[PDB]
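Protein chains in written order, with the working numbering: chain A, 34 to 443; chain B, -1 to 302; chain C, 1247 to 1578; chain D, 2 to 326; chain E, -4 to 59; chain F, -4 to 59. Okay, so here's the structure we're looking at.
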Amino acid sequence: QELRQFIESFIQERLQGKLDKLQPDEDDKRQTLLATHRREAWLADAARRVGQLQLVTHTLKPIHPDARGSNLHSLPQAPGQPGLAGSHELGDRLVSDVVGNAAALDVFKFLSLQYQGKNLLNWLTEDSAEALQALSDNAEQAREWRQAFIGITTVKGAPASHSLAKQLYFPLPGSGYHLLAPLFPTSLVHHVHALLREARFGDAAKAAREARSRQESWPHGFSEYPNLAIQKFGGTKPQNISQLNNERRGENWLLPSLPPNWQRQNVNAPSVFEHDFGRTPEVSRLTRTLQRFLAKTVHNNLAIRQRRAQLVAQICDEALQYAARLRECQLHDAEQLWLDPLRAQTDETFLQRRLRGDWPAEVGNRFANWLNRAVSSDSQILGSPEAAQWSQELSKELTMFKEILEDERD
Amino acid sequence: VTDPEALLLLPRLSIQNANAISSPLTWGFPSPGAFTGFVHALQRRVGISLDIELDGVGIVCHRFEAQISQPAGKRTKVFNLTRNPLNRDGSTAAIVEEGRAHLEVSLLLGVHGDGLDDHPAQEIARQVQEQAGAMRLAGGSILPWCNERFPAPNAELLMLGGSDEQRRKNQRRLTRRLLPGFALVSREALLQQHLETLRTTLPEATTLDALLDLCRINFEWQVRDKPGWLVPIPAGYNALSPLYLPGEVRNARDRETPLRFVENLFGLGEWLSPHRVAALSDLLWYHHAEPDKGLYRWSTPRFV
Amino acid sequence: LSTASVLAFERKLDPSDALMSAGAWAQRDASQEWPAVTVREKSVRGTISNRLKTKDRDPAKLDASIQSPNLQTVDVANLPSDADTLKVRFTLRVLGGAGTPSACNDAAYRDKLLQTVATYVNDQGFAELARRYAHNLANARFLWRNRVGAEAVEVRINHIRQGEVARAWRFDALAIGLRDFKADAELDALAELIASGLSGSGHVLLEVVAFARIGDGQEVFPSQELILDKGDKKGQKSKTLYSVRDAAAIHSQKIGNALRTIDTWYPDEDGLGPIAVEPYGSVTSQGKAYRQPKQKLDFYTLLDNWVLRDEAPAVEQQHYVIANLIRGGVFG
Amino acid sequence: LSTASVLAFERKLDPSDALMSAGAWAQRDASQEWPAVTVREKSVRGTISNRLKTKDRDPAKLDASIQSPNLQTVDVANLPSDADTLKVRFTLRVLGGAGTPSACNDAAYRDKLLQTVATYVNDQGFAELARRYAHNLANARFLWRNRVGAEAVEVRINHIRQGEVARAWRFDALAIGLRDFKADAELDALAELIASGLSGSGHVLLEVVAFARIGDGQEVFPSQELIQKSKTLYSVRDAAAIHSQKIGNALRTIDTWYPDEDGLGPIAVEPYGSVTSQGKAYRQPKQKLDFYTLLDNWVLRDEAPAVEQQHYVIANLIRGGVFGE
Amino acid sequence: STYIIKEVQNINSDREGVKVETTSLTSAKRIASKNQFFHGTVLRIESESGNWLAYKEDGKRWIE
Amino acid sequence: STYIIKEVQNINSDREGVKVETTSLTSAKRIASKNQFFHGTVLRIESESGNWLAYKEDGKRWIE
DNA sequence: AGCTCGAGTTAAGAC
DNA sequence: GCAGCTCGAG
DNA sequence: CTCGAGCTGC
DNA sequence: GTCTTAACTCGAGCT
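If you want it as structure tokens, here you go:
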């Protein structure tokens, strides 16, 4: 019978706030509108003024202030058959806010208490004894008001998209298409944003960053989100935009989704004695990653046999990209056969006798030598098959490299 | 997931002022759905005239140049907006979020239409490139290839005929011109593997994607390692409401197909160099939809 | 037969970014390898010289406001040490099928619109609009400030077909009137080609190259890049110039806005010259919006009447309506 | 007829950056290929020369400070070991249409302004402003500190038409009075050319090249860039230069009609007659000489101020700015 | 609470400011508005250190 | 964690150091200060490799 | 200490 | 092996 | 002011 | 029903 300790409490907790600005001329016409309202009438305004707003989790407004559409709260769907992951795997922690008039927002804060100390969100649609025994309000008003408190969580009564709703077509298997009218996922957005609030500038995460700065090891893990992008959607004013956005800063962080060539470089590789040197951030980072696994034992024969093999594949592919961006002297001569300079057709024999069947395939050995000069020649694993099997990995990778090299122009 | 008989390769397609958001929680290269629908629309206009079938689209990103400015307060970048025209009332315009960037991409079109044999492959390629130029991809203009240098033609290669030696030689020849850019493919296997791996900690799916796509540091120091470039992508649109007849949905731009309110569904994609893939057809993205369940995904099943 | 709640038209005559470079007028005809203009940073020190808000009775307060100057870091683009000619290169495409709506709610409305469009085309072709666009392309109206104070402006338009061959034309912006449109054989040919492209020939590509004589070390005026986010710290750039491929350029839409400056039939026509083809005849620079909706010249009103009520407006209004449809937007 | 909340005037007489180089005064006739002055860095120590708080000023505080000196890095540009002449090259253009507003909210205001401007031009031409500008171009006022302590300063102003040199001019900055404007045939001709250009009678392009004798290995004073490192010099293409605005500010040192008649002499045309070095702004708004008041009265109320004030107003319109509300 | 009130043409600029030493930010905002010598300047309230507290455009409301 | 504590006249020098093998840098800093054998030397902490971790002048605080 | 000012916040006319 | 004590950073 | 962590004596 | 401006109360600095 504790519901009254929430309704008669929260409202009384609310009235006391309505007294800070209340004079003897206002305390009279507000006495029964607040004091007695805590009993039955403060809720009367709600069930009468709940149709003004609408609790939802996916809205249309974020895509334009002028647009008008249909907001939705219901999401029981979850058809994720392979790893797929989105708004359909929350279940709980569904933090939802309202859509409508800016006049009344605390009316929703009263409904927001549907979990503040009990399972009242389940009682907001059932458990009438909670309202008919503790709240002791009539079922003709209380449970009827409970309906208008549930009607706030459903559509106004008509479906509709808009000309700016950002619709699409969509094909089907051998038959005619269907079109979707997607919306904004406020709930998932807020879940992610709370995660980011917690990790980006949390207390424990900040302490872990301090530990990384002081080179001190303790039992905690911290991560960094770079290259976020800020979206100032909803307009300058929080009002006229999603209430959750208004509660938050009003800017939605977007996780980077760029390809590996976003921050391009100014191609300048005409250093000529430095043919295989070619040092850049990706190259040196891959080299440091290899040397960091070179300081491991053979207890991870398999683990270090793939990550390092995949890594050298990445390295040779990055060298291929170097060559490509070049395409578009002795130390560059054999490289002039690997790094075909301009696909030179001018030279008669230097381009059809020194290149026709003359793909200097020693460049692979040049690069293997540069790598052996990069990753230390620690004999700790050379005695056993650890570094010898690493050499075999290198060898077969460079063999596939030369297989791809043979046919530059042949 | 039909096996494509032949593949048409658009050598280079430049785009200016494209759509760089492509998703509520991510920004960057446009969603693959945009390309699948693009190829579908091409089939919709030229496919009927030439009686060809296009279902597979390959993606190679040659150049990506965004329009962003880094603020001095934080390390989070922002986009460069445009100026909207003055409203009719005469008051100042309202600023709205938008994105623009320069994207140079090359597309691979899987030709499943049997009619290809009835027409010259080179002519089909030229005709397709002509329509491709006038079309608008990702929400921005497609700039045709006009410059001081010679133009870049479209090469069509048949993958049904020939010995494995000729097939491999042709595939190698194609990769030679597609090397400057990196391809895009969807990897959901690792995502599910990690989900089961970290299920003990908490049964959170979004958390796993967030944790995987970040610089993870462990206390010891060291930085967590990933096998390749992994990034979130809009895997598809899950059904958010039941289907409604075209009349029920107001302001629908078409009365032929019913409207459905959907949400966003993510995944985990990987950027792999063309040389790693042996068969190009496994790279092509194919859209598959289920009428009963609202799951619509563009992931390429043949890659696995 | 009501209107369609959803109407959209893909824009036509969509240009691309405009790259810039510098060089010598002598080599302009024979050299197209001119190096690009790189953006640079400069500092400026200022004395507040704007209008006053406080009572103008404060002598020493004003002196103190002076002694506290203003500092800001800006971006400027200037030609090389020895360069008197500016080059701008941008392409332009004509898609066609202007009247063809991209999306329409009702089929009947779309058919009715197409019928009205066909009637208009039969009565009179787009030759008027094509000729107006021809003038804009010939002259440097797309250029905003570079044209002012120019000795000789030379525009060269090449129609790029699959191959390099083209019906290359050459004009003079200064000789051609900026505020007046005159007929010429070359202009007519170009207008005809544009009209064909607009009708939906299938492919149209126009490479525009401009050469403007400004002076050695002169300052060009590219399009300032908007941000909308000032920043939480000091030491920033209060002017960012748009640059692509480490070269300055002008936004595609800013060029496409100037190219469609054919609305000369506005009601006032009292001293004002050509105006941008925009709904409600809005103008950003002047800050006023001509053609308010109360009158009948409004685009929405004219189109609704001419479609539903079949009221044929003046030939001028019909041209304006077709121009707006070409520009595209969201209606209903 | 209230004023327009939005008013802007594109600047006229817009110069370019001013590059610098060195050479021998003898070779002055042929000055091309001369190597530019490259900025360099030099360590420099400091000490306590500023004003101490007599309370914070104590015997041992000084011993501490001077025993802990504030090092500093700065940038200076000096001529080569054997070089006595500095060279400055900057172009100048005359656009015209000074009165023509770039943007105006109300059409009536723009028309009224144009009418007043046309009336002024008809009554009297820009010959006065052009003649005053001519003096600044002839003399070295554009140079700020390089002129000080110079043996001989020679300015050469050419005229470029269609890529050819229409007419050249050679003057002497020292002989021409800095604070006094005297009439001369060459100055009059230059003023006529400038007046024609502003009125819109034809294109005007002026290449200004100055040669000042300072001394061997002397230290030039280029324009300092905005801010360890204290002083940062502006270099373009690995060459020292002077800012465009800094030159256009000096070229417009035409305001000598202030209400004080002090010995300061020429003042730059700036609203409210502000001066940074002197730290005082003449022509305060309390008086009627302020630019804003003058324009408001002479446009809306048709009150024609003195001819001098009209010249000042035209100079302000030429300078450009942001007006209204 | 020491607050530095500054005025500039553009929101991004550096200029000296007077030390108000007011109790709260609301006070500094109203003080800057009451004591303003120009129309196009942008009032910017800053603490004694280099951290920007808030700014206000001529035609816009306070923003942080 | 092997940390090399060195003493030198100028920040730029190559002089050998003792291997402390402490857990964290704060420990190495306190140890270096407590074990400084000279007044005008410049403490330089470096890892087992040649990478400079931090340096501290006689009259100045630690820098990274 | 009265009064000024502006910030914060309120609710009714008009669409 | 263990722990009081000293020292030096925050 | 309070707060870690290496050394030496029991 | 709706959003807007003008209105309210509110708080802090001169003279």
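No residue lacks a Cβ here, since even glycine has one placed at the ideal position from N, Cα and C.
Inter-residue spacing [alpha-carbon to alpha-carbon] between residue i and residue j
i	j	result
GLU246(B)	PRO192(A)	6 Å
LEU177(B)	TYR294(B)	31 Å
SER317(A)	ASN301(A)	18 Å
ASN1351(C)	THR219(A)	29 Å
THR0(B)	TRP1390(C)	54 Å
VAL345(A)	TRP283(B)	28 Å
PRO16(D)	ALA23(D)	21 Å
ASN1382(C)	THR1300(C)	47 Å
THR74(B)	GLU284(A)	12 Å
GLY71(B)	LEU318(D)	39 Å
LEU415(A)	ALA421(A)	6 Å
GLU220(D)	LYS1307(C)	38 Å
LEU6(B)	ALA123(B)	7 Å
Helix, strand or coil at residue i [DSSP, three-state]
i	result
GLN4(E)	coil
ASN30(F)	coil
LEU101(B)	strand
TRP286(A)	strand
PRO418(A)	helix
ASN236(B)	coil
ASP1369(C)	helix
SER245(D)	helix
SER69(D)	coil
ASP139(A)	helix
Residue i - partner residues in DSSP beta bridges
i	result
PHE217(A)	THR92(A)
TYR(-2)(E)	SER42(E)
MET1266(C)	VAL1334(C)
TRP1415(C)	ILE1403(C)
Expected contact under 8 Å - CB spacing of residue i and residue j to nearest Å
i	j	result
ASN262(B)	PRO22(B)	6 Å
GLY35(F)	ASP9(F)	In fact, because the Cβ distance is near 18 Å, the residues do not count as touching under 8 Å.
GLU121(B)	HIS1449(C)	Contact flag wrong, Cβ pair sits at about 15 Å.
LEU1341(C)	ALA130(B)	Their Cβ separation, rounded to whole angstroms, is 13 Å, which puts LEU1341(C) and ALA130(B) out of contact at 8 Å.
Proximity to residue i [Cα-Cα], best of the options
i	options	result
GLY116(A)	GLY265(B), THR205(B), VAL302(B)	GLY265(B)
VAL210(D)	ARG238(D), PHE172(D), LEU318(D), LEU296(D)	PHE172(D)
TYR210(A)	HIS110(B), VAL126(B), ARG253(B)	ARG253(B)
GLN248(A)	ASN5(F), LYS51(F), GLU41(F), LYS1(F)	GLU41(F)
residue 447(A)	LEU189(B), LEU209(B), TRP269(B)	Residue 447(A) is absent from the model: chain A starts at 34 and stops at 443.
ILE46(B)	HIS60(B), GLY54(B), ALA119(B), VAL126(B)	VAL126(B)
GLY1533(C)	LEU194(D), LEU8(D), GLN288(D)	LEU8(D)
Residue i CB to nearest heavy atom of the ligand NAD below 7 Å
i	result
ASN123(D)	Summarising the ligand content, the structure contains no ligands, and the ligand NAD is consequently not present.
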